[PDB]
Amino acid sequence: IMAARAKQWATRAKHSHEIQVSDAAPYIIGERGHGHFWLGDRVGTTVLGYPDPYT
Amino acid sequence: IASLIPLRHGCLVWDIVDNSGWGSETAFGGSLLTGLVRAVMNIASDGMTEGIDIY
Amino acid sequence: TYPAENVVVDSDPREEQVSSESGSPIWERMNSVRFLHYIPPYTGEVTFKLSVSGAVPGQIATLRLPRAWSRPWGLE
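Residue numbers (the working numbering), protein chains in the order written: chain A, 2 to 56; chain B, 48 to 102; chain C, 194 to 269.
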């Protein structure tokens, strides 16, 4: 079961968003207590021409 | 604490952190109109299907 | 002693939309709700309806409206 769910995770439905941005625009990138977010944190994004534009 | 557990300069301190929250409370999506949707994931008894409960 | 959570709300999408006098992270408590809507060009009379709970008489809010023109003159 563990080996199969490792293969399940390799074959999941997924999305990703690679973005290029300046710091403090508006968010500060830095460790917890100093930035709004850091590596590993959950962040939201919107997609420009996606059919439901508030998603 | 610094006298009881002395650590040298440059000592590499390993930790493991949960920056997901999938198994307790987090959000997988939402709307800019009404906010993020709070949710939990649980593995069902087969070990392969995850249920999602919305808070 | 810190200032109270007196706030500036800014509707502009380029900036932090809620900021407190205390430096408290009040914008993180919005659950990703955003202000989305501008006042359009050549907008005349508008009525803004606010509501408040937990306030006392003598406190004021303000509404603040910029004036940015494409040109040094004309366009009224």
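The beta-carbon is built from N, C-alpha and C at its ideal position, and this holds for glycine as well.
If the cut is a Cβ gap below 8 Å, which residues of chain B does residue i touch?
| i | result |
| --- | --- |
| A:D42 | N66 |
| A:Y55 | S78, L79 and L80 |
Anyone know if the C-beta pair for residue i and residue j falls short of 7 Å?
| i | j | result |
| --- | --- | --- |
| B:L79 | A:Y51 | no |
| C:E214 | C:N224 | no |
| C:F228 | C:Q252 | no |
| B:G82 | B:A91 | no |
| A:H18 | A:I29 | no |
| C:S212 | C:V201 | yes |
| C:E221 | A:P27 | no |
My understanding is that residue i touches residue j, with C-beta atoms under 8 Å, so please give their C-beta distance in whole angstroms.
| i | j | result |
| --- | --- | --- |
| B:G70 | B:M88 | 6 Å |
| C:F241 | C:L256 | 6 Å |
| residue 271 of chain C | C:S204 | The first residue shown for chain C is 194 and the last is 269, placing residue 271 of chain C beyond what the model contains. |
| C:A261 | C:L243 | No, C:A261 and C:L243 are not in contact; Cβ-Cβ is about 25 Å, not under 8 Å. |
Since residue i meets chain C, which of its residues come closer than 7 Å, beta carbon to beta carbon?
| i | result |
| --- | --- |
| A:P27 | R207, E208 and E209 |
Interface residues of chain E around residue i at Cβ under 7 Å?
| i | result |
| --- | --- |
| A:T46 | Absent here is chain E; the protein component of the structure consists of chains A, B and C. |
Could you name the residues of chain A that residue i contacts, counting a contact when the two beta carbons are closer than 8 Å?
| i | result |
| --- | --- |
| B:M95 | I2, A5, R6 and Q9 |
Listed in chain order, which residues of the stretch 196-213 of chain C have Cβ atoms closer than 9 Å to some Cβ of chain B? Result list empty, no residue passes.
Cβ-based contacts, 9 Å cut-off: residues of the stretch 209-240 of chain C near chain B: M223, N224, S225, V226, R227 and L229: these are the residues of the stretch 209-240 of chain C whose beta carbon lies less than 9 Å from some beta carbon of chain B, given in chain order.
Would you call the stretch 37-52 of chain A in contact with the stretch 58-69 of chain B, where contact means no fewer than 3 C-beta pairs closer than 8 Å? A contact exists between the stretch 37-52 of chain A and the stretch 58-69 of chain B.
For the stretch 11-23 of chain A, list every residue whose C-beta sits within 9 Å of some C-beta in chain B, in sequence order. For the stretch 11-23 of chain A, which is checked against every Cβ of chain B, not one residue is closer than 9 Å.
Against chain A: residues of the stretch 49-81 of chain B by CB proximity under 8 Å: Per Cβ criterion, the list reads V64, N66, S67, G68, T73, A74, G76, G77, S78, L79 and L80.
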